[PDB]
């Protein structure tokens, strides 16, 4: 049960300074170093630097020396990365990963999306996409959740607190002409068990501290 739990996605003003955390569990903390990666859709993956916590010894990519500061709390088994003056180029997904000497990146964190923006944060509105005669074909019905008008990315969607993953399509969000994002998450289920099963989408928007659970029920007409 080795686990690296990273902090929630952020919206930060240009020139601000944000602190990401990566809490390790299920192994002996001081036996490994924590390395940090940056992922962007244009560049790709970049190694930022590393800290060996037992000691506190850090080393940085020259691209990120000065901006990114790695520290380590040995009690809480946590590693911190600080960005001291955010820029438009700092919007990315930041990863932590564990490593022992002469090893590899075997366990990765879940990633922290940082959006650097001057715009306002808005939580999403969640609407049901109800199964009906117009969404049934061949004994299967489709249903979902419309996650409308949020900023920034990302929104995560689970179904039944993660217990429903088969036949789930959470779509890439689209940019609306207002500058806010919109997203849809659908799932195909048996039509015969629509009366006995419950389908709840769990929508999570960390930048606005929004958590919405929506029970999607069939509506005939």
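Positions refer to the first chain, counted from 1.
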query: 171 to 179 versus 56 to 64 - which carries the larger mean C-alpha B factor in the record; finding: 56 to 64
query: 21 to 29 versus 201 to 209 - which carries the larger mean C-alpha B factor in the record; finding: 21 to 29
query: Most elevated Cα B-factor in the entry, residues 185, 191, 40, 160; finding: 40
query: Residue 154 CA temperature factor, ranked by third within the chain; finding: middle
query: B-factor third for the C-alpha atom of residue 115 within its chain; finding: lowest
query: Relative C-alpha B-factor of residue 104, binned into the chain's lowest, middle or highest third; finding: highest
query: Chain-wide C-alpha B factor ranking for residue 80, given as lowest, middle or highest third; finding: middle
query: Residue 122 - which third its CA temperature factor falls in, relative to the rest of the chain; finding: middle
